[PDB]
Amino acid sequence: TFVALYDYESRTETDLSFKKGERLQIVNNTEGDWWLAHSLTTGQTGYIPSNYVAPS
Amino acid sequence: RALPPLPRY
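As stated in the entry header, the method of structure determination is solution NMR.

Per the PDB entry, chain A goes by the name C-SRC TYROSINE KINASE SH3 DOMAIN and belongs to Gallus gallus. The header of this PDB entry states its title as "TWO BINDING ORIENTATIONS FOR PEPTIDES TO SRC SH3 DOMAIN: DEVELOPMENT OF A GENERAL MODEL FOR SH3-LIGAND INTERACTIONS".

Asks: How do you make sense of the packing of aromatic side chains when you look at a structure like this?
Replies: Any aromatic ring pair is given by two values, namely how distant the centres are and how the planes are angled relative to each other. Applying the stated rule across the entire model yields 5 aromatic pairs over all chains. Centroid distance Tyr6 of chain A to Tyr52 of chain A: 5.4 Å. Interplanar angle 65°. Geometry classified as edge-to-face. In this pair, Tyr6 of chain A is assigned in the loop between strand 1 (2-4) and strand 2 (23-26) and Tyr52 of chain A in the loop between strand 4 (44-48) and strand 5 (53-55), connecting sequence segments 46 residues apart. Judged by relative accessible area, which is 33%, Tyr6 of chain A ranks as partly exposed. Taken together, a centroid distance of 6.1 Å and an interplanar angle of 80° make the contact between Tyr8 of chain A and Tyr52 of chain A edge-to-face. A residue pair is termed long-range when its members are at least 10 positions apart, and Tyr8 of chain A in the loop between strand 1 and strand 2 and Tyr52 of chain A in the loop between strand 4 and strand 5 qualify at 44 residues. Of the two residues, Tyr8 of chain A and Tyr52 of chain A, neither departs from the other in class, the shared state being buried. Put simply, the rings of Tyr6, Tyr8, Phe18, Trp34 and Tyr52 of chain A touch in pairs and so form one group of aromatic residues. Over the face of the ring belonging to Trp34 of chain A we find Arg1 of chain B, whose NZ or CZ atom lies 5.9 Å from the ring centre.

What counts, and at which threshold
- Residues numbered from 1 in each chain as written, not as in the entry; some residues may be left out.
- Chains lettered and ligands numbered in written order.
- Heavy atoms only, no water.
- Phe/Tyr/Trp six-rings, centres within 6.5 Å; stacked < 30°, edge-to-face > 60°.
- Helix = DSSP H or I, 4+ residues; strand = E, 2+ residues; numbered from the N terminus.
- Buried < 20%, exposed > 50% of the residue type's maximum accessible area, 1.4 Å probe, protein only.
- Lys NZ or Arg CZ within 6 Å of the ring centre and 35° of its normal.

Following this line, the structure appears as structure tokens:
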């Protein structure tokens, strides 16, 4: 269970952006600050930084 | 890939 604390608004068309309060499915953690998250709503990819999310 | 800058601070 990972919650997006701060909204992530990168400046690239690859990593997706999210808002605060949106849950994200962490795919790979305890490895690189940037993990690959997947949304269960639209069912798409979305790389989210680690300093913007935290286990709840 | 530096981490994203913190919000206004």
